[PDB]
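Asker: Dropping in entry_8.cif, which is mmCIF, C-alpha atoms:
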```cif
data_query
loop_
_atom_site.label_atom_id
_atom_site.label_comp_id
_atom_site.auth_asym_id
_atom_site.auth_seq_id
_atom_site.Cartn_x
_atom_site.Cartn_y
_atom_site.Cartn_z
CA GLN X 108 0.00 0.00 0.00
CA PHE X 109 1.30 3.41 -1.07
CA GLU X 110 -0.64 6.67 -0.88
CA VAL X 111 0.93 9.34 -3.09
CA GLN X 112 -0.10 12.98 -3.15
CA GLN X 113 0.60 15.33 -6.05
CA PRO X 114 1.42 19.03 -5.61
CA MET X 115 -0.62 21.56 -7.56
CA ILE X 116 -0.50 25.27 -8.37
CA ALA X 117 -3.01 27.90 -7.34
CA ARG X 118 -4.05 29.50 -10.62
CA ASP X 119 -6.49 32.00 -12.07
CA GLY X 120 -7.80 33.29 -15.38
CA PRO X 121 -10.48 31.71 -17.58
CA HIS X 122 -9.97 28.28 -16.02
CA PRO X 123 -12.09 26.74 -13.24
CA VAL X 124 -10.24 25.63 -10.13
CA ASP X 125 -8.65 22.18 -10.29
CA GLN X 126 -8.91 19.60 -7.54
CA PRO X 127 -5.90 18.09 -5.73
CA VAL X 128 -5.43 14.43 -6.57
CA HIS X 129 -4.65 11.37 -4.48
CA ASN X 130 -3.34 8.15 -5.98
CA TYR X 131 -3.53 4.81 -4.17
CA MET X 132 -1.23 2.28 -5.83
CA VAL X 133 -0.99 -1.34 -4.74
CA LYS X 134 1.36 -4.04 -6.02
CA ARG X 135 0.94 -7.73 -5.30
CA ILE X 136 3.92 -9.52 -3.78
CA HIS X 137 5.68 -11.88 -6.17
CA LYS X 138 6.91 -15.13 -4.62
CA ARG X 139 9.83 -17.23 -5.88
CA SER X 140 12.36 -19.77 -4.64
CA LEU X 141 15.66 -21.44 -5.49
CA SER X 142 17.28 -24.74 -4.56
CA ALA X 143 20.54 -26.60 -5.11
CA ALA X 144 21.81 -30.18 -5.32
CA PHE X 145 23.63 -31.91 -2.46
CA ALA X 146 24.22 -35.67 -2.42
CA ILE X 147 25.63 -37.99 0.26
CA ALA X 148 26.99 -41.48 -0.38
CA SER X 149 25.68 -44.64 1.29
CA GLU X 150 28.86 -45.61 3.12
CA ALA X 151 28.68 -42.32 5.00
CA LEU X 152 25.32 -43.43 6.36
CA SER X 153 26.92 -46.78 7.17
CA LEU X 154 29.59 -45.01 9.22
CA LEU X 155 27.07 -42.75 10.93
CA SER X 156 25.48 -45.95 12.30
CA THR Q 355 14.70 78.31 10.30
CA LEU Q 356 16.48 75.71 12.47
CA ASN Q 357 14.38 72.74 11.34
CA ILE Q 358 12.18 73.77 8.38
CA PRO Q 359 15.09 73.98 5.81
CA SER Q 360 15.29 70.17 5.91
CA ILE Q 361 13.84 68.29 2.92
CA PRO Q 362 16.42 65.53 2.33
CA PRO Q 363 15.96 63.11 -0.56
CA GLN Q 364 16.74 59.83 1.21
CA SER Q 365 15.21 56.69 2.68
CA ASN Q 366 14.74 58.50 6.02
CA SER Q 367 12.49 55.86 7.63
CA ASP Q 368 12.85 57.40 11.08
CA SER Q 369 11.38 55.44 14.00
CA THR Q 370 11.13 52.16 12.09
CA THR Q 371 12.17 48.60 12.92
CA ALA Q 372 11.49 45.54 10.76
CA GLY Q 373 13.30 42.51 9.40
CA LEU Q 374 14.91 39.60 11.21
CA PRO Q 375 18.65 40.34 11.26
CA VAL Q 376 19.40 36.65 11.69
CA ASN Q 377 17.98 35.87 8.23
CA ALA Q 378 18.54 32.41 6.76
CA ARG Q 379 21.57 30.59 5.39
CA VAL Q 380 19.85 28.95 2.43
CA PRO Q 381 21.59 26.89 -0.27
CA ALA Q 382 21.60 28.93 -3.46
CA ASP Q 383 24.15 29.34 -6.23
CA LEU Q 384 25.57 32.77 -7.01
CA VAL Q 385 27.55 33.82 -10.09
CA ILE Q 386 29.74 36.84 -10.80
CA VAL Q 387 29.12 38.26 -14.28
CA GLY Q 388 30.39 41.55 -15.62
CA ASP Q 389 30.93 43.17 -12.24
CA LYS Q 390 27.77 42.06 -10.41
CA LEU Q 391 26.84 38.99 -8.39
CA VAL Q 392 23.59 37.41 -9.48
CA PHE Q 393 21.34 34.52 -8.57
CA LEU Q 394 21.37 31.89 -11.31
CA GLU Q 395 18.62 29.39 -10.59
CA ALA Q 396 16.61 26.99 -12.72
CA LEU Q 397 13.50 26.03 -10.74
CA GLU Q 398 11.86 22.90 -12.13
CA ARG Q 399 12.38 20.18 -9.50
CA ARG Q 400 11.04 21.91 -6.39
CA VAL Q 401 8.21 23.43 -8.45
CA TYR Q 402 6.48 22.44 -11.70
CA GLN Q 403 7.66 18.91 -10.87
CA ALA Q 404 5.07 16.23 -10.10
#
```
Before we go any further, please render this structure as structure tokens.

Answerer:
Amino acid sequence: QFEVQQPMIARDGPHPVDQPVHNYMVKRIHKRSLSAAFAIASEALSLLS
Amino acid sequence: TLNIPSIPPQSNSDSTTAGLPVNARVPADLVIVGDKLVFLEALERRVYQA
């Protein structure tokens, strides 16, 4: 959630007044992952026993 | 004739007091050109931006 406000200028002449503007931007969170390979031989298990 | 012959062209401004002497040290670039120092500023980021 971001709320952003935009500055304006007080003006005159043959133009009606303009309204200040809010903007409410939202971005959805993008999920990802990574993994890597890591192998252990059998005899190591044999020795851990 | 002691005081009437006194019509000085000057700021005068007797019995006046205004202006903060402290003022502000603001960041602003100054340039010497010819023989005068001059503000040289290009306002677009602090105004007319966004």

Asker: Mind dumping a table of every chain Q residue within 10 Å of chain X, with the nearest atom pair and its distance in Å to one decimal, using all atoms listed in the file, sorted by chain and rising number, as CSV?

Answerer:
```
residue,atom,partner,partner_atom,distance
Q:401,CA,X:114,CA,8.6
Q:402,CA,X:116,CA,8.2
Q:403,CA,X:114,CA,8.2
Q:404,CA,X:113,CA,6.1
```

Asker: Apply the PyMOL selection byres ((chain X and resi 110) around 12) to the structure shown and report the selected residues as a list in words.

Answerer: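 Output of the PyMOL selection byres ((chain X and resi 110) around 12): residues 108, 109, 111, 112, 113, 128, 129, 130, 131, 132 and 133 of chain X.
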
Asker: Quick one: which residues end up in the PyMOL selection byres ((chain Q and resi 393) around 6) for this structure, as a PDB file with C-alpha atoms, in the coordinates of the input?

Answerer:
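What landed in selection29.pdb:
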```
ATOM      1  CA  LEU Q 384      25.570  32.770  -7.010  1.00  0.00           C
ATOM      2  CA  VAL Q 392      23.590  37.410  -9.480  1.00  0.00           C
ATOM      3  CA  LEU Q 394      21.370  31.890 -11.310  1.00  0.00           C
TER       4      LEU Q 394
END
```

Asker: Quick check, in Å to one decimal: how far apart do CA of residue 396 in chain Q and CA of residue 122 in chain X lie?

Answerer: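 Separation of CA of residue 396 in chain Q and CA of residue 122 in chain X: 26.8 Å.
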
Asker: For a test of reading the model, state the distance in Å between CA of residue 156 in chain X and CA of residue 144 in chain X, rounded to one decimal.

Answerer: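 Between these atoms lies a distance of 23.9 Å.
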
Asker: Just save range 116-150 of chain X with N, CA, C and O atoms, as an mmCIF file, in the first residue's frame.

Answerer:
```cif
data_model
loop_
_atom_site.group_PDB
_atom_site.id
_atom_site.type_symbol
_atom_site.label_atom_id
_atom_site.label_comp_id
_atom_site.auth_asym_id
_atom_site.auth_seq_id
_atom_site.Cartn_x
_atom_site.Cartn_y
_atom_site.Cartn_z
ATOM 1 N N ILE X 116 -0.781 23.838 -8.327
ATOM 2 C CA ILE X 116 -0.504 25.266 -8.373
ATOM 3 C C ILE X 116 -1.818 26.020 -8.271
ATOM 4 O O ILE X 116 -2.761 25.738 -9.020
ATOM 5 N N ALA X 117 -1.884 26.974 -7.349
ATOM 6 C CA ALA X 117 -3.005 27.899 -7.337
ATOM 7 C C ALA X 117 -2.939 28.760 -8.588
ATOM 8 O O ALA X 117 -1.902 29.362 -8.883
ATOM 9 N N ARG X 118 -4.035 28.809 -9.336
ATOM 10 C CA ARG X 118 -4.049 29.495 -10.618
ATOM 11 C C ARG X 118 -5.293 30.366 -10.718
ATOM 12 O O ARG X 118 -6.121 30.419 -9.805
ATOM 13 N N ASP X 119 -5.411 31.056 -11.844
ATOM 14 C CA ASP X 119 -6.491 32.003 -12.068
ATOM 15 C C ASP X 119 -6.764 32.072 -13.564
ATOM 16 O O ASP X 119 -6.318 31.211 -14.330
ATOM 17 N N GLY X 120 -7.485 33.105 -13.983
ATOM 18 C CA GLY X 120 -7.802 33.294 -15.375
ATOM 19 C C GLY X 120 -9.065 32.556 -15.764
ATOM 20 O O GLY X 120 -9.857 32.143 -14.912
ATOM 21 N N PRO X 121 -9.273 32.370 -17.070
ATOM 22 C CA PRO X 121 -10.485 31.712 -17.578
ATOM 23 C C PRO X 121 -10.456 30.190 -17.455
ATOM 24 O O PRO X 121 -10.843 29.467 -18.375
ATOM 25 N N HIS X 122 -10.007 29.700 -16.302
ATOM 26 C CA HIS X 122 -9.972 28.276 -16.016
ATOM 27 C C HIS X 122 -10.628 28.041 -14.661
ATOM 28 O O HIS X 122 -10.296 28.735 -13.683
ATOM 29 N N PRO X 123 -11.561 27.099 -14.557
ATOM 30 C CA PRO X 123 -12.088 26.739 -13.240
ATOM 31 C C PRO X 123 -11.001 26.117 -12.380
ATOM 32 O O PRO X 123 -10.008 25.586 -12.881
ATOM 33 N N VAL X 124 -11.196 26.204 -11.065
ATOM 34 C CA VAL X 124 -10.242 25.628 -10.130
ATOM 35 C C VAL X 124 -10.125 24.128 -10.356
ATOM 36 O O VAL X 124 -11.098 23.453 -10.718
ATOM 37 N N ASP X 125 -8.920 23.604 -10.163
ATOM 38 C CA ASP X 125 -8.652 22.179 -10.288
ATOM 39 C C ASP X 125 -8.546 21.549 -8.906
ATOM 40 O O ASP X 125 -8.204 22.226 -7.932
ATOM 41 N N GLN X 126 -8.859 20.264 -8.824
ATOM 42 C CA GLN X 126 -8.914 19.598 -7.539
ATOM 43 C C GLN X 126 -7.598 18.858 -7.287
ATOM 44 O O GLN X 126 -7.047 18.234 -8.198
ATOM 45 N N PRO X 127 -7.059 18.929 -6.073
ATOM 46 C CA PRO X 127 -5.904 18.092 -5.734
ATOM 47 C C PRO X 127 -6.241 16.614 -5.821
ATOM 48 O O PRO X 127 -7.372 16.194 -5.570
ATOM 49 N N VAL X 128 -5.234 15.823 -6.180
ATOM 50 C CA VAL X 128 -5.429 14.434 -6.575
ATOM 51 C C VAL X 128 -4.613 13.510 -5.683
ATOM 52 O O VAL X 128 -3.408 13.707 -5.491
ATOM 53 N N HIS X 129 -5.281 12.493 -5.151
ATOM 54 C CA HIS X 129 -4.646 11.371 -4.479
ATOM 55 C C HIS X 129 -4.396 10.285 -5.511
ATOM 56 O O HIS X 129 -5.049 10.264 -6.558
ATOM 57 N N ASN X 130 -3.456 9.389 -5.226
ATOM 58 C CA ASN X 130 -3.342 8.148 -5.982
ATOM 59 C C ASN X 130 -2.975 7.043 -5.001
ATOM 60 O O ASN X 130 -2.057 7.197 -4.187
ATOM 61 N N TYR X 131 -3.697 5.932 -5.081
ATOM 62 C CA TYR X 131 -3.533 4.808 -4.168
ATOM 63 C C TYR X 131 -3.096 3.596 -4.982
ATOM 64 O O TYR X 131 -3.937 2.851 -5.496
ATOM 65 N N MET X 132 -1.788 3.401 -5.099
ATOM 66 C CA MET X 132 -1.227 2.276 -5.831
ATOM 67 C C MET X 132 -0.957 1.101 -4.906
ATOM 68 O O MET X 132 -0.505 1.262 -3.768
ATOM 69 N N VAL X 133 -1.248 -0.088 -5.423
ATOM 70 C CA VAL X 133 -0.992 -1.345 -4.743
ATOM 71 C C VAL X 133 -0.325 -2.295 -5.725
ATOM 72 O O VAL X 133 -0.701 -2.374 -6.897
ATOM 73 N N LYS X 134 0.691 -3.004 -5.243
ATOM 74 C CA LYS X 134 1.360 -4.040 -6.016
ATOM 75 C C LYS X 134 1.296 -5.338 -5.236
ATOM 76 O O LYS X 134 1.513 -5.346 -4.021
ATOM 77 N N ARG X 135 0.982 -6.422 -5.929
ATOM 78 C CA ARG X 135 0.945 -7.728 -5.302
ATOM 79 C C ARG X 135 2.355 -8.290 -5.169
ATOM 80 O O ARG X 135 3.208 -8.100 -6.039
ATOM 81 N N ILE X 136 2.595 -8.985 -4.065
ATOM 82 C CA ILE X 136 3.919 -9.522 -3.782
ATOM 83 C C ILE X 136 4.166 -10.741 -4.654
ATOM 84 O O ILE X 136 3.341 -11.658 -4.708
ATOM 85 N N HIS X 137 5.306 -10.755 -5.335
ATOM 86 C CA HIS X 137 5.683 -11.879 -6.175
ATOM 87 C C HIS X 137 6.606 -12.822 -5.416
ATOM 88 O O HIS X 137 7.644 -12.412 -4.889
ATOM 89 N N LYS X 138 6.220 -14.094 -5.378
ATOM 90 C CA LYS X 138 6.907 -15.129 -4.619
ATOM 91 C C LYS X 138 7.741 -15.981 -5.568
ATOM 92 O O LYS X 138 7.310 -16.262 -6.691
ATOM 93 N N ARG X 139 8.924 -16.397 -5.112
ATOM 94 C CA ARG X 139 9.830 -17.232 -5.884
ATOM 95 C C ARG X 139 10.667 -18.054 -4.916
ATOM 96 O O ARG X 139 10.573 -17.885 -3.697
ATOM 97 N N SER X 140 11.484 -18.948 -5.465
ATOM 98 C CA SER X 140 12.361 -19.768 -4.644
ATOM 99 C C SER X 140 13.491 -20.316 -5.502
ATOM 100 O O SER X 140 13.406 -20.339 -6.732
ATOM 101 N N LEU X 141 14.558 -20.753 -4.838
ATOM 102 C CA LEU X 141 15.658 -21.440 -5.494
ATOM 103 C C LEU X 141 16.153 -22.578 -4.611
ATOM 104 O O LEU X 141 15.970 -22.574 -3.390
ATOM 105 N N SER X 142 16.780 -23.563 -5.250
ATOM 106 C CA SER X 142 17.282 -24.739 -4.559
ATOM 107 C C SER X 142 18.538 -25.228 -5.262
ATOM 108 O O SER X 142 18.836 -24.827 -6.390
ATOM 109 N N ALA X 143 19.276 -26.102 -4.583
ATOM 110 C CA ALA X 143 20.539 -26.603 -5.108
ATOM 111 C C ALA X 143 20.692 -28.070 -4.732
ATOM 112 O O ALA X 143 20.033 -28.574 -3.820
ATOM 113 N N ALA X 144 21.587 -28.746 -5.447
ATOM 114 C CA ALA X 144 21.813 -30.178 -5.317
ATOM 115 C C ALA X 144 22.903 -30.473 -4.291
ATOM 116 O O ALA X 144 23.915 -29.776 -4.206
ATOM 117 N N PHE X 145 22.682 -31.534 -3.509
ATOM 118 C CA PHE X 145 23.630 -31.911 -2.459
ATOM 119 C C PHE X 145 23.405 -33.388 -2.124
ATOM 120 O O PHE X 145 22.400 -33.753 -1.511
ATOM 121 N N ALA X 146 24.353 -34.226 -2.534
ATOM 122 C CA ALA X 146 24.215 -35.671 -2.415
ATOM 123 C C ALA X 146 25.211 -36.240 -1.414
ATOM 124 O O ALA X 146 26.325 -35.730 -1.270
ATOM 125 N N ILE X 147 24.801 -37.307 -0.728
ATOM 126 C CA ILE X 147 25.627 -37.995 0.257
ATOM 127 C C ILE X 147 25.647 -39.481 -0.070
ATOM 128 O O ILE X 147 24.600 -40.073 -0.348
ATOM 129 N N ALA X 148 26.835 -40.081 -0.024
ATOM 130 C CA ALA X 148 26.995 -41.485 -0.380
ATOM 131 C C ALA X 148 26.498 -42.406 0.730
ATOM 132 O O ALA X 148 26.330 -41.999 1.882
ATOM 133 N N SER X 149 26.277 -43.674 0.366
ATOM 134 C CA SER X 149 25.680 -44.640 1.286
ATOM 135 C C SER X 149 26.622 -44.992 2.430
ATOM 136 O O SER X 149 26.197 -45.120 3.586
ATOM 137 N N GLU X 150 27.900 -45.172 2.116
ATOM 138 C CA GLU X 150 28.860 -45.605 3.119
ATOM 139 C C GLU X 150 28.982 -44.589 4.240
ATOM 140 O O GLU X 150 29.280 -44.952 5.380
#
```
